[PDB]
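Inspection log for the structure reproduced underneath, given as structure tokens.
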Amino acid sequence: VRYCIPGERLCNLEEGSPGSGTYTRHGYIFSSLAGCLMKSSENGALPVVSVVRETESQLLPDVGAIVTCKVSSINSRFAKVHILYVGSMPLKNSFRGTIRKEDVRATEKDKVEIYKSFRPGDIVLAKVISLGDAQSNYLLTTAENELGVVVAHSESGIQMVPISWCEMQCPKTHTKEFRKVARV
RNA sequence: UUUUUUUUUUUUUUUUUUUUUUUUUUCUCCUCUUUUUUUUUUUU
């Protein structure tokens, strides 16, 4: 196996096609990273050559991506969050987000009271939809059956458990509270 | 013995800032007269 530097001759446009993290010019394929030389043969020949470091310390979000978050504060019409994980991998820093009162459920419906959906301190799984404005920057959504709060936390510091699609209950004091439970 | 119709109060809010009293002119300028200078001493 061989590694890369962010420029070198790799292949012709006839001997393969550019993949992820690469660029081409003057009929040649040029590297743009310092990762590893991967040639996805796939099926149909002409492998899509690409270079991947495979050790992602940081990664910029996209138009569509799954992210693990952490609520900071909640408002009657939005809920500021902090992006913590990009899908699976840990993130070295923390970005910001905002869930408007249209992205909670998968119907973009009326009602949907924000107060009992995303209580602060929880950890949720959500998907971005846009690159946002300067007020709200990433505009995340949870309009799916698989998205919502996944690992909640009790009033007094006890791991919480899902109890229904909308209700969760404390194991110690048997107290009933409202969340937006995502499928496991 | 006089029917029917002619809408109404702009939409928006979740912006960063790492200095410090004052502050800046005015020129050279004839001093009049008994003196050397008296002086110990004691009573505070």
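Residue numbering restarts at 1 in every chain; chains get A, B, ... in the order shown in the structure tokens, and ligands count up from 1 in that same order.
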
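Every chain A residue lying within 12 Å of chain B, based on only C-alpha atoms (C1' of nucleotides), is listed here: residues 73, 74, 75, 77, 78, 79, 80, 81, 96, 97, 98, 99, 100, 133, 134, 135, 136 and 137 of chain A.
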
N, CA, C and O atoms of the current selection, written as a PDB file, in the first residue's frame:
ATOM      1  N   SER A  73     -30.418  25.196  25.392  1.00  0.00           N
ATOM      2  CA  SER A  73     -31.564  25.908  25.934  1.00  0.00           C
ATOM      3  C   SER A  73     -32.737  25.732  24.985  1.00  0.00           C
ATOM      4  O   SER A  73     -32.566  25.440  23.799  1.00  0.00           O
ATOM      5  N   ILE A  74     -33.940  25.928  25.521  1.00  0.00           N
ATOM      6  CA  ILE A  74     -35.175  25.752  24.773  1.00  0.00           C
ATOM      7  C   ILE A  74     -36.018  27.020  24.848  1.00  0.00           C
ATOM      8  O   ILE A  74     -36.034  27.724  25.862  1.00  0.00           O
ATOM      9  N   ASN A  75     -36.715  27.307  23.750  1.00  0.00           N
ATOM     10  CA  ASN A  75     -37.610  28.449  23.638  1.00  0.00           C
ATOM     11  C   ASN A  75     -38.950  27.985  23.076  1.00  0.00           C
ATOM     12  O   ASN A  75     -39.084  26.866  22.578  1.00  0.00           O
ATOM     13  N   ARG A  77     -40.399  28.688  20.452  1.00  0.00           N
ATOM     14  CA  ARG A  77     -40.453  28.542  19.004  1.00  0.00           C
ATOM     15  C   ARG A  77     -39.174  27.988  18.394  1.00  0.00           C
ATOM     16  O   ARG A  77     -39.135  27.773  17.176  1.00  0.00           O
ATOM     17  N   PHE A  78     -38.134  27.750  19.187  1.00  0.00           N
ATOM     18  CA  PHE A  78     -36.915  27.117  18.701  1.00  0.00           C
ATOM     19  C   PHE A  78     -36.200  26.486  19.889  1.00  0.00           C
ATOM     20  O   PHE A  78     -36.635  26.607  21.037  1.00  0.00           O
ATOM     21  N   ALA A  79     -35.089  25.810  19.604  1.00  0.00           N
ATOM     22  CA  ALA A  79     -34.312  25.142  20.646  1.00  0.00           C
ATOM     23  C   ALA A  79     -32.864  25.065  20.185  1.00  0.00           C
ATOM     24  O   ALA A  79     -32.533  24.253  19.315  1.00  0.00           O
ATOM     25  N   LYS A  80     -32.009  25.905  20.762  1.00  0.00           N
ATOM     26  CA  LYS A  80     -30.598  25.894  20.410  1.00  0.00           C
ATOM     27  C   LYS A  80     -29.936  24.615  20.909  1.00  0.00           C
ATOM     28  O   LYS A  80     -30.199  24.155  22.023  1.00  0.00           O
ATOM     29  N   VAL A  81     -29.070  24.039  20.076  1.00  0.00           N
ATOM     30  CA  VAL A  81     -28.366  22.808  20.394  1.00  0.00           C
ATOM     31  C   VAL A  81     -26.873  23.014  20.150  1.00  0.00           C
ATOM     32  O   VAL A  81     -26.433  24.084  19.728  1.00  0.00           O
ATOM     33  N   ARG A  96     -23.111  24.934  16.482  1.00  0.00           N
ATOM     34  CA  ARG A  96     -24.408  25.333  17.006  1.00  0.00           C
ATOM     35  C   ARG A  96     -25.494  24.938  16.016  1.00  0.00           C
ATOM     36  O   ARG A  96     -25.221  24.644  14.852  1.00  0.00           O
ATOM     37  N   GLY A  97     -26.731  24.878  16.505  1.00  0.00           N
ATOM     38  CA  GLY A  97     -27.854  24.535  15.659  1.00  0.00           C
ATOM     39  C   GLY A  97     -29.125  25.183  16.162  1.00  0.00           C
ATOM     40  O   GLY A  97     -29.127  25.907  17.160  1.00  0.00           O
ATOM     41  N   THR A  98     -30.222  24.910  15.456  1.00  0.00           N
ATOM     42  CA  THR A  98     -31.529  25.428  15.842  1.00  0.00           C
ATOM     43  C   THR A  98     -32.608  24.567  15.206  1.00  0.00           C
ATOM     44  O   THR A  98     -32.603  24.363  13.989  1.00  0.00           O
ATOM     45  N   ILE A  99     -33.528  24.072  16.029  1.00  0.00           N
ATOM     46  CA  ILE A  99     -34.682  23.305  15.576  1.00  0.00           C
ATOM     47  C   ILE A  99     -35.907  24.202  15.680  1.00  0.00           C
ATOM     48  O   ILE A  99     -36.369  24.515  16.785  1.00  0.00           O
ATOM     49  N   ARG A 100     -36.439  24.622  14.534  1.00  0.00           N
ATOM     50  CA  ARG A 100     -37.602  25.492  14.544  1.00  0.00           C
ATOM     51  C   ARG A 100     -38.833  24.668  14.905  1.00  0.00           C
ATOM     52  O   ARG A 100     -38.804  23.433  14.912  1.00  0.00           O
ATOM     53  N   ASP A 133     -28.760  30.570   8.002  1.00  0.00           N
ATOM     54  CA  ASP A 133     -28.465  31.992   7.984  1.00  0.00           C
ATOM     55  C   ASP A 133     -27.474  32.328   9.097  1.00  0.00           C
ATOM     56  O   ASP A 133     -26.930  31.444   9.766  1.00  0.00           O
ATOM     57  N   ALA A 134     -27.225  33.625   9.303  1.00  0.00           N
ATOM     58  CA  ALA A 134     -26.305  34.041  10.353  1.00  0.00           C
ATOM     59  C   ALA A 134     -26.936  34.014  11.738  1.00  0.00           C
ATOM     60  O   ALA A 134     -26.208  34.062  12.735  1.00  0.00           O
ATOM     61  N   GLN A 135     -28.264  33.939  11.824  1.00  0.00           N
ATOM     62  CA  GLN A 135     -28.948  33.817  13.109  1.00  0.00           C
ATOM     63  C   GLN A 135     -29.022  32.357  13.544  1.00  0.00           C
ATOM     64  O   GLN A 135     -28.553  31.997  14.628  1.00  0.00           O
ATOM     65  N   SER A 136     -29.612  31.510  12.706  1.00  0.00           N
ATOM     66  CA  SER A 136     -29.584  30.066  12.878  1.00  0.00           C
ATOM     67  C   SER A 136     -28.724  29.471  11.773  1.00  0.00           C
ATOM     68  O   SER A 136     -28.982  29.706  10.587  1.00  0.00           O
ATOM     69  N   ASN A 137     -27.714  28.697  12.163  1.00  0.00           N
ATOM     70  CA  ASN A 137     -26.606  28.371  11.273  1.00  0.00           C
ATOM     71  C   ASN A 137     -26.732  27.026  10.566  1.00  0.00           C
ATOM     72  O   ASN A 137     -26.250  26.899   9.438  1.00  0.00           O
TER      73      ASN A 137
END

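For residue A:85, the non-local neighbours within 7 Å, defined as residues at least 4 positions apart in the same chain or in other chains and counting only C-alpha atoms (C1' of nucleotides), are residues 67, 68, 69, 89, 90 and 91 of chain A.
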
Based on the backbone DSSP call, show me all residues of stretch 9-66 of chain A assigned strand (DSSP E or B), as a compact mmCIF listing (two decimals) with N, CA, C and O atoms, in the first residue's frame.
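What ended up in result_3.txt:
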# COMPACT_ATOMS: atom_id res chain seq x y z
N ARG A 9 0.43 12.60 -9.89
CA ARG A 9 -0.27 11.94 -10.98
C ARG A 9 -0.72 10.57 -10.50
O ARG A 9 0.09 9.79 -9.99
N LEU A 10 -2.00 10.26 -10.67
CA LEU A 10 -2.53 8.97 -10.26
C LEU A 10 -2.99 8.11 -11.44
O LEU A 10 -2.53 6.98 -11.60
N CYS A 11 -3.87 8.64 -12.28
CA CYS A 11 -4.47 7.87 -13.36
C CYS A 11 -4.91 8.83 -14.46
O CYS A 11 -5.00 10.04 -14.25
N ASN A 12 -5.19 8.27 -15.63
CA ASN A 12 -5.81 9.01 -16.72
C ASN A 12 -7.32 9.05 -16.52
O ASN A 12 -7.89 8.29 -15.73
N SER A 17 -11.80 6.98 -12.77
CA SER A 17 -12.55 8.22 -12.59
C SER A 17 -12.26 8.80 -11.21
O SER A 17 -11.95 8.06 -10.27
N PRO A 18 -12.33 10.12 -11.07
CA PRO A 18 -12.11 10.73 -9.76
C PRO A 18 -13.18 10.34 -8.76
O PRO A 18 -14.34 10.10 -9.11
N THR A 22 -10.61 14.37 -4.44
CA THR A 22 -9.66 14.41 -5.53
C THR A 22 -10.11 15.44 -6.55
O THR A 22 -11.27 15.88 -6.56
N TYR A 23 -9.18 15.84 -7.42
CA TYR A 23 -9.46 16.75 -8.51
C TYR A 23 -8.64 16.34 -9.72
O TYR A 23 -7.63 15.63 -9.61
N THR A 24 -9.09 16.78 -10.90
CA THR A 24 -8.46 16.40 -12.15
C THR A 24 -8.21 17.64 -13.00
O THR A 24 -8.91 18.65 -12.88
N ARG A 25 -7.19 17.55 -13.86
CA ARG A 25 -6.81 18.66 -14.72
C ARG A 25 -5.89 18.13 -15.81
O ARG A 25 -5.00 17.33 -15.54
N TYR A 28 -5.35 14.26 -16.41
CA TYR A 28 -4.76 13.45 -15.35
C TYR A 28 -5.58 13.59 -14.08
O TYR A 28 -6.35 14.54 -13.91
N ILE A 29 -5.39 12.63 -13.18
CA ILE A 29 -6.05 12.63 -11.88
C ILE A 29 -5.02 13.02 -10.83
O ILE A 29 -3.95 12.40 -10.73
N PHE A 30 -5.33 14.06 -10.05
CA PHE A 30 -4.39 14.62 -9.09
C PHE A 30 -4.93 14.45 -7.68
O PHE A 30 -6.12 14.63 -7.43
N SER A 31 -4.03 14.09 -6.76
CA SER A 31 -4.41 13.90 -5.37
C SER A 31 -4.63 15.24 -4.68
O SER A 31 -4.06 16.27 -5.07
N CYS A 36 -4.86 7.57 2.19
CA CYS A 36 -4.48 6.27 1.66
C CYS A 36 -5.08 6.07 0.27
O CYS A 36 -6.18 6.55 -0.02
N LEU A 37 -4.36 5.35 -0.58
CA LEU A 37 -4.78 5.11 -1.96
C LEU A 37 -5.80 3.98 -1.98
O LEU A 37 -5.44 2.81 -1.79
N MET A 38 -7.06 4.33 -2.21
CA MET A 38 -8.16 3.37 -2.27
C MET A 38 -8.77 3.38 -3.67
O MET A 38 -9.11 4.44 -4.19
N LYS A 39 -8.90 2.20 -4.26
CA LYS A 39 -9.51 2.05 -5.58
C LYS A 39 -10.71 1.12 -5.45
O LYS A 39 -10.56 -0.10 -5.38
N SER A 40 -11.91 1.71 -5.41
CA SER A 40 -13.15 0.96 -5.29
C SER A 40 -13.49 0.35 -6.64
O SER A 40 -14.02 1.02 -7.52
N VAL A 48 -13.40 3.74 -9.30
CA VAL A 48 -13.48 5.14 -8.88
C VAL A 48 -12.41 5.39 -7.82
O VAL A 48 -12.63 5.17 -6.63
N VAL A 49 -11.25 5.86 -8.27
CA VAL A 49 -10.10 6.04 -7.38
C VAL A 49 -10.33 7.23 -6.46
O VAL A 49 -10.86 8.27 -6.87
N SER A 50 -9.95 7.07 -5.19
CA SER A 50 -10.10 8.12 -4.20
C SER A 50 -9.07 7.92 -3.10
O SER A 50 -8.48 6.84 -2.97
N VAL A 51 -8.85 8.97 -2.32
CA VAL A 51 -7.89 8.95 -1.21
C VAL A 51 -8.63 9.36 0.05
O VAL A 51 -9.32 10.39 0.07
N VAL A 52 -8.49 8.56 1.10
CA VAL A 52 -9.14 8.81 2.38
C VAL A 52 -8.14 8.60 3.51
O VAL A 52 -7.47 7.56 3.57
N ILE A 66 -26.35 12.85 9.39
CA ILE A 66 -26.84 12.45 10.70
C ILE A 66 -25.85 12.92 11.75
O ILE A 66 -24.64 12.69 11.62
